[PDB]
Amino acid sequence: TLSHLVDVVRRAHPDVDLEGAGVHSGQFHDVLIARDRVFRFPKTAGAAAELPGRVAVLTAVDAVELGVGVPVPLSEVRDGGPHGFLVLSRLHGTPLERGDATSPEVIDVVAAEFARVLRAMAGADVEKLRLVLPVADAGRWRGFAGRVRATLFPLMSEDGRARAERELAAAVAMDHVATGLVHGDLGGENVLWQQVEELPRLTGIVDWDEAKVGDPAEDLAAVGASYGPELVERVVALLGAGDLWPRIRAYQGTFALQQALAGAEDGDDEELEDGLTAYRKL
């Protein structure tokens, strides 16, 4: 009952307008959005464990000093509400539209905004991160391949399965890399910009759910998926990461199948359909 949660918040934080306040819901978490603050309320007592999990990931990422904002716990985890709640900062800024990011007058600025963040992520103390974050597992793509063949291959054309087998294989073939912080989903929607004296500034990165000690190529793949090779070539040039192109393409070739598999597993029909379109005719 969002009524109770509303009272929980007003009681704990009297001065926080919940009229015209966002709400995300799922069988796991309720989230009230406000001007400067996000309130997360777990639904089960097991899902309560997500709260210190989120605090631990965000604190470890903050400690790397990326030079851009990440969500900040604004409160201790509290055992108020049904199964606890956590107050996080709300970051300001908007994703860069593909059109905006690529203009000749801003493309170099955008490339360096991505580069300075990715550079800081690659320079993270991995021994510290490895204690808190998930660590890329050598069996990850093997296992992912298994679940795609079991769950999605039946829904595909023969041409679909051939294409999917090549894309799965390129990922399974990659040698294991765990050398820095990886966001794991660094598409445009999770990267927030403001016009600062009439040029873009990357001010925030949100949604660290897939954060891990892993392969820097995975974040470059995601930037490529959102903004195209013109931008990623400039980021790679700046980083001196020309070595990574095969790995970047291997990650990018799994993105439609990742979305399809999640659509099947999450029971989202539109994600399943959208993910599979290149892998069948009808």
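The first residue of the sequence shown is number 1, and the count goes up from there.
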Taking the deposited Cα B-factors and averaging over 27 to 35 and over 250 to 258, the higher mean is found in 27 to 35
Of 36 to 44 and 57 to 65, which one has the bigger average CA B-factor?
36 to 44
Comparing C-alpha B-factors across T203, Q195, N190, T102 in this entry, the winner is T102
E50's Cα B-factor: lowest, middle or highest third of the chain?
highest
For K212, return the chain-relative third of its C-alpha B-factor as stated in the PDB record: lowest, middle or highest.
lowest
Could you tell me which third, lowest, middle or highest, the C-alpha B-factor of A150 occupies within its chain?
highest
Third assignment of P73 from its chain's C-alpha B-factors:
middle
What third of its chain's C-alpha B-factors does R116 belong to: lowest, middle or highest?
lowest
